[PDB]
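>>> turn this into a structure:
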Amino acid sequence: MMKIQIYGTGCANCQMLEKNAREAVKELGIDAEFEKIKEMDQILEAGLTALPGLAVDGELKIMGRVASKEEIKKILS
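Numbering: from 1, shown residues only. Right below this line is the structure:
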């Protein structure tokens, strides 16, 4: 349900929030599909200015530092 994009993958520590996001996003009561975007062409297209950009449902709010598990629940709840 929730379209979540992870820009960076490699150097980008999105890996942490990546796992937390899947369980929380889906568990919160809405499944989410996490597709990685290994290419700045796609990264910048998102709108983020940092590497570890995270755009959900077409809205990026994480750049240069992926969110935390506790942050997700607090951001959504």
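
>>> is the one residue sitting closest to the centre of the chain bridged to anything, and to what?
With distances taken as C-alpha atoms, centre = their mean, the chain has residue 54 as the residue nearest its mean C-alpha position (3.4 Å). Counting by DSSP bridges, residue 54 forms beta bridges with residue 6, residue 62.

>>> give me the number of residues near the closest residue to residue 72 other than its chain neighbours?
Counting by C-beta to C-beta, 6 or more residues apart in numbering, residue 24 is the residue found nearest to residue 72 once chain neighbours are left out, at 4.6 Å. (C-beta placed from N, C-alpha, C; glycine too.) Using other C-beta atoms under 10 Å, residue 24 has 22 other residues around it.

>>> so who does residue 24 touch?
69, 72-73, 76 (C-beta atoms under 8 Å, 6 or more residues apart in numbering).

>>> and the closest residue to residue 68 other than its chain neighbours, how many neighbours?
Closest residue to residue 68 apart from its sequence neighbours, by C-beta to C-beta, 6+ apart: residue 17 at 6.5 Å. Using other C-beta under 10 Å, residue 17 has 23 other residues around it.
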